[PDB]
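Engineer: Let me begin by handing over the structure; questions about it come next.
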Amino acid sequence: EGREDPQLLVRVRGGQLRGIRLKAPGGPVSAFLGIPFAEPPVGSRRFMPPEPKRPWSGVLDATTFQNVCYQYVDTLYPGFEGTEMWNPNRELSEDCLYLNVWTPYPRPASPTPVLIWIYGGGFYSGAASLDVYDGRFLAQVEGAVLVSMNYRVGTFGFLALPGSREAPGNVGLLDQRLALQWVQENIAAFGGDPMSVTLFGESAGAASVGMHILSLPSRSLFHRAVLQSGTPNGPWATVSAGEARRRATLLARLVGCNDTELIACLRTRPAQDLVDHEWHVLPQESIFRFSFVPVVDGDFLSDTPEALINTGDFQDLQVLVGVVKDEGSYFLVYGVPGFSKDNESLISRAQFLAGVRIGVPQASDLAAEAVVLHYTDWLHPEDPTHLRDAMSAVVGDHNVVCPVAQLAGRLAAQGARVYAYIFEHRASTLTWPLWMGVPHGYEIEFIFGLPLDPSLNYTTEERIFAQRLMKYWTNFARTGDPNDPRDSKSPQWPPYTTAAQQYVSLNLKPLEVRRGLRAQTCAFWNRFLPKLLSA
Amino acid sequence: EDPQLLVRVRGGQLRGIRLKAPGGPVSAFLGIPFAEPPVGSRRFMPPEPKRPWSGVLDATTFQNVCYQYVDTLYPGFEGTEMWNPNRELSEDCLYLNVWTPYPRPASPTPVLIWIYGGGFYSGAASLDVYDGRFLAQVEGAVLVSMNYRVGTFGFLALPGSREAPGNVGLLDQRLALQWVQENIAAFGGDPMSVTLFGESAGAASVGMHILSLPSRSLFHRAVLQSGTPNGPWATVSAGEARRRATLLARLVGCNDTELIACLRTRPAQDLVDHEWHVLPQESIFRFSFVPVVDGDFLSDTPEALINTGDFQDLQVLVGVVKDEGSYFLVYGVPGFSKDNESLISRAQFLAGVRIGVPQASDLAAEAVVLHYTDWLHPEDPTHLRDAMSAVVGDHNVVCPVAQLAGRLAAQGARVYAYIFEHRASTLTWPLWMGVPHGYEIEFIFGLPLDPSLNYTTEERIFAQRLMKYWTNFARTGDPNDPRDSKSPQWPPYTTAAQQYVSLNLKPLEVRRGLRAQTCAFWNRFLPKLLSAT
């Protein structure tokens, strides 16, 4: 040391780190970027569970984001901001198990509650280093300690030959948990309070939070949870062991290969070869379906999430859960014919029927019919504008709105304190067409407080609005309650109950309380459809 | 000897009677035979035309009511009794009634023919709610009602047999329709402008005359109130008809000819006594002896013939009341009573659904419960009670009426649809039943215009509007007043716009969609569920 900033140097269990002093709009923050938390899961460690990071010598530099985990890159609208913002923004590498810490500057005085972010990306993509996951605003304005980790995605994180020892599955959830432990042991060196750790994530990230709630070894690593537009239950977040085994075998032939010999072969293929063939193993033409996701292994997941949700005891749990207005519109342009970001995607009755089989790829001819009958507007059963929005509503409801409604309903009936929201404000800065509404993933820039960056051309109310949600999210982190301890003038946010089924709307207007989580339509998806599909 | 009360039809001379309607007198010819009494060996057999008579036949009293089951549920209760037989029961009941203005119409006059309801097991053309004097005095119509054989006498069938070929109650109606052709001119009626209108089983009957070729030369326009030929209760297969016939024969002591013969030897009440015992399941809004799909009167199912027929020539006026299913619940489903408020448990609602949809599988019944549950209050007993009424109303009338309206429109026909939403101040059933099955009739026939009935002034004004709608539709195929301008016009129900109007004390209001979402379940999805459970 010597001439360095004395407040940027910190020790953790593996060595010394030098952070970096970043500017937030209202003051500096401390950032420790690219801390390793595991041995690089490369070579013979590919598909294996992560081992803890061996201690290093000297001062590790912790001032830039590390590699993002090896993953598919989106190429359907090259150069379009609406897709590039989610694409990797550092080098792709299998050496990628690193995490980031933002704290106030100088680091806080008392022990400060910790926020751990788990990104989404359908378990095949994502990075903790994207701009929309920037922690400097939450750390500066709310004084939070924010931690986000990289976990392995796609084949590297979730290809499983269940019951084998060289590919047990769920290693990407283990990656997440190892970062959670790392927070338990080390977050105190930054001012964070390991006794107040709140997980929050979106899409596959929310599902991940969900699975840490349902996996006993993870439950001693956090206290509160937030699930944004994602659930461990539902049709896309998990696969049986048999189905997981099926895809791993198929992918091994697609690249040219007793489980040991086969995994040994896969470990010789270039990472890009596996990415290149990852989507070819899906059983049907589908949207919102991902090849390699958490497997129900009888280990991390002792049973299916629906089983565990339906029976577990959750009185110690406090969760915030919610959805955006138009969860499914985003996914239509990635597979349903008739949809594009560039025209207005008015479709025909025929195209709606074809789309229902792609959006519900597991539906029998009869079940597919039920969906078509329930979602048709029988006064205008061929208005192409309404069949487009109905296609959007089918996919959104089936994959998010009703898996979340279902989860909120079970946890509430089983002891948990649930707070539920719908996010309805559509960012002025947004580059997707208007017909897509408020698409999947577009609350995140507001929770993280990006509109407080004046260089981002948001609007003033969008600024004020983002502070409102940062306050909601951090108050829930501190206390289990998003309501402000003081602020009694602004309206209150009731817990969600079986009785009153209350939830709030989040938009530029004050909190408005509503009832019913798409109650009628989710009864179709969560009660009738299962019984129909055993036939 | 008042010559306006003397008429010469082809079988002889009638004498009528002059009665007082509130604003003038009407000629009434009650009790005219149109068929040879179907008694003895003519039990179960097609009717034959009445033989000529000598002298001047007295047509001044209602004849007998066709032998039929008489309801016991609430003895002495008007809401029940008002549908019970008005006259002595008799298998000799094939008579019809004619009301005309007094004096007899100068020029030819459109004829309305009423076909009563009663589930094909009951009813009579002589109940007060079918009084033709108001329509004849106020709108100057000629109005004809006939009795037809109900229950085992009208509809017991051994398909293919000669001495019980089925549907003879409909042939009774058909015969009275030929009678009107050959004779109404003698009364001042126009045989070239005959409108059929009926309700419940009567509307179904009207519907079946639309679908049967011989009847199609006997009338020009049709009105179907709260009933349809299609649907779960109006017909039975030749298979299921034969089963109920030979089973009832067994419960009374009885080769087709040998079996029918032994049935023709039993007292009428021996047959009525076992009439309800032949239903396959425990049910509600199901009836043991109803028209049969015989490949003769009904060449195919009502559904097949509406799905594929040409109806460019047809003009129909179809409708429902607000609460079609509520009447029925007290006749079978535990928890429901005229007397309390029938707030029910959830489990009562699930049990009721098996009685309201007696042909439903476990999966289809769960589909019904899940679709009718209000999941914001899935246990609130007021909801489940109104839900139970609506499952029964939608399954048995509303969605069948909507199904009929849609196919007739799709295939050439001009269709007017209504929903009747006014509840009579005189009504004697509880409030929770709303506007129950049957309680628009008193208004269509103009009973509020009789002061002694203690209807309110707006109800009398209402009644006049509906009498205008129905008669106007009879003169022109169009219920709108050709002198009344004004924007609330009754639009034709079409496949695209799906417009219908509401009949209540407020002016005509146009709405769209005949309960289209939930009827999509009953008409499009539920068949697919059962046809592949």
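Just so it is clear, none of the values below were taken in a lab; they were calculated from the coordinates. All Cβ positions, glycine included, derive from the backbone under ideal geometry; neighbour counts span all protein chains shown.
Engineer: For the range A:485-499, check the following and say yes or no: at least one residue is among the polar types (S, T, N, Q), touching a helix residue (DSSP H, G or I) at 6+ places or on another chain (Cβ under 8 Å) and away from chain B (no Cβ under 14 Å).
Structural biologist: Within the range A:485-499 (the criterion being among the polar types (S, T, N, Q), touching a helix residue (DSSP H, G or I) at 6+ places or on another chain (Cβ under 8 Å) and away from chain B (no Cβ under 14 Å)), the answer is no, since none of the residues qualifies.
Engineer: Yes or no: A:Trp493 crowded, with 18+ Cβ neighbours inside 10 Å and part of a loop (DSSP other than H, G, I, E, B)?
Structural biologist: Spelling it out, A:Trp493 is indeed crowded, with 18+ Cβ neighbours inside 10 Å and part of a loop (DSSP other than H, G, I, E, B).
Engineer: Still on this structure, I have one more. Name, by its number, the condition in (1) surrounded by fewer than 16 Cβ atoms within 10 Å (Cβ to Cβ); (2) closer than 22 Å to B:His371 by Cβ; (3) of a type in the set (S, T, N, Q) that does not hold for B:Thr518.
Structural biologist: The failed condition is (1).
Engineer: I'm told A:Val513 meets every condition in (1) surrounded by fewer than 17 Cβ atoms within 10 Å (Cβ to Cβ); (2) of a type outside the set (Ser, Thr, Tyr); (3) within 12 Å of chain B (Cβ to nearest Cβ); (4) under 26 Å from A:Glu443 (Cα atoms) except one. Can you identify the failing condition by its number?
Structural biologist: (3)
Engineer: Mind counting the residues in the range A:323-340 that are surrounded by fewer than 19 Cβ atoms within 10 Å (Cβ to Cβ) and either under 17 Å from A:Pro384 (Cα atoms) or among the charged types (D, E, K, R) (or both)?
Structural biologist: So the count comes out to 2.
Engineer: Give all pairs with beta carbons closer than 8 Å in which a residue from the range B:214-233 that is within 24 Å of B:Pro110 (Cα to Cα) meets a residue that is of a type in the set (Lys, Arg); count only pairs at least 6 apart in sequence or on separate chains.
Structural biologist: Partner pairs satisfying both residue conditions: B:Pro214/B:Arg174; B:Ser215/B:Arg174; B:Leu218/B:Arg174.
Engineer: Would you say A:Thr474 is of a type in the set (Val, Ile, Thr), closer than 22 Å to A:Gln140 by Cα and surrounded by fewer than 24 Cβ atoms within 10 Å (Cβ to Cβ)? Quick ask: steps written out before the conclusion?
Structural biologist: Values: of a type in the set (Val, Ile, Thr): yes; closer than 22 Å to A:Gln140 by Cα: yes; surrounded by fewer than 24 Cβ atoms within 10 Å (Cβ to Cβ): yes.
In short, yes.
Engineer: Let me ask something additional. Which residues, taken from the range B:1-50, are among the charged types (D, E, K, R) and outside any strand (DSSP E or B)?
Structural biologist: If the condition is that a residue be among the charged types (D, E, K, R) and outside any strand (DSSP E or B), then B:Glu1, B:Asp2, B:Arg10, B:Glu36, B:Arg42, B:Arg43, B:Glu48, B:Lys50 are the ones that fit.
Engineer: Of the numbered conditions (1) over 29 Å from B:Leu447 (Cβ atoms); (2) surrounded by 14 or more Cβ atoms within 10 Å (Cβ to Cβ), B:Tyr500 fails exactly one; give the number of that condition.
Structural biologist: (1)
Engineer: Given the criterion in contact with a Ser or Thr (Cβ under 8 Å, 6 or more places away or on another chain) and either under 30 Å from A:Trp102 (Cα atoms) or assigned to a helix (DSSP H, G or I) (or both), identify the matching residue among A:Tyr458, A:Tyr442.
Structural biologist: Residue meeting the stated conditions: A:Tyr458.
Engineer: Do we have B:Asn183 as polar (S, T, N, Q) and outside any helix (DSSP H, G or I) here? Step through it out loud before you land on a result.
Structural biologist: Values: polar (S, T, N, Q): yes; outside any helix (DSSP H, G or I): no.
When the stated conditions are applied, B:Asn183 does not pass them.
Engineer: Just to check your reading of the model, which residue among A:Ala523, A:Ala477 is away from chain B (no Cβ under 14 Å), of a type in the set (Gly, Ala, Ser) and assigned to a helix (DSSP H, G or I)?
Structural biologist: Only one candidate passes the filter, namely A:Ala477.
Engineer: Considering only the range B:281-393, give the helices (runs of 4 or more DSSP H) lying wholly within it that have at least 1 residues that are within 14 Å of chain A (Cβ to nearest Cβ).
Structural biologist: B:346-356, B:362-372, B:381-393
Condition check ((1) surrounded by 15 or more Cβ atoms within 10 Å (Cβ to Cβ); (2) out of contact with any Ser or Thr (no Cβ under 7 Å at 6 or more places or on another chain)) across all residues:
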residue: A:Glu39; (1), (2): yes, yes
residue: A:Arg46; (1), (2): yes, yes
residue: A:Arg54; (1), (2): no, yes
residue: A:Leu60; (1), (2): yes, yes
residue: A:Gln71; (1), (2): yes, no
residue: A:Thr75; (1), (2): no, yes
residue: A:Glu81; (1), (2): no, no
residue: A:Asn87; (1), (2): yes, yes
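Engineer: Follow-up question, since we're still on this one. Within the range A:447-461, does at least one residue satisfy the condition of being buried (at least 20 other Cβ atoms within 10 Å of the Cβ) and closer than 30 Å to A:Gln351 by Cα?
Structural biologist: Scanning the range A:447-461 turns up no residue that is buried (at least 20 other Cβ atoms within 10 Å of the Cβ) and closer than 30 Å to A:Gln351 by Cα.
Engineer: Just to be sure I understand the filter: pairs with C-beta atoms under 8 Å, separated by 6 or more residues or on different chains, first member in the range A:485-502 and closer than 13 Å to A:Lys471 by Cα, second member among the charged types (D, E, K, R). Which pairs pass?
Structural biologist: A:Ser490/A:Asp484
Engineer: Here is a further query. Would you confirm, using the coordinates I've provided, whether B:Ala365 is over 28 Å from A:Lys531 (Cα atoms) and aliphatic (A, V, I, L, M)? Reasoning before the result, please.
Structural biologist: Numbers: over 28 Å from A:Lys531 (Cα atoms): no; aliphatic (A, V, I, L, M): yes.
So B:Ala365 fails the test.
Engineer: Which of (1) assigned to a helix (DSSP H, G or I); (2) farther than 23 Å from A:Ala204 by Cβ; (3) within 14 Å of chain B (Cβ to nearest Cβ) is the odd one out, the single condition A:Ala405 does not satisfy?
Structural biologist: (2)
Engineer: Here's a follow-up. Tell me which helices (runs of 4 or more DSSP H) are completely within the range A:67-170 and hold 1 or more residues being of a type in the set (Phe, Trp, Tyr) and in contact with a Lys or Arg (Cβ under 9 Å, 6 or more places away or on another chain), or say none if there are none. Can you show your working first?
Structural biologist: Numbers: elements: A:81-84, A:136-141, A:154-158.
By residue number, A:154-158.
Engineer: Then there's this: Would you mind stating whether B:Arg244 is surrounded by fewer than 22 Cβ atoms within 10 Å (Cβ to Cβ) and closer than 20 Å to B:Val292 by Cβ?
Structural biologist: no
Engineer: Being aliphatic (A, V, I, L, M), outside any strand (DSSP E or B) and under 30 Å from A:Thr311 (Cα atoms) is true for just one of A:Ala252, A:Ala244. Which residue is that?
Structural biologist: Only one candidate passes the filter, namely A:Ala244.
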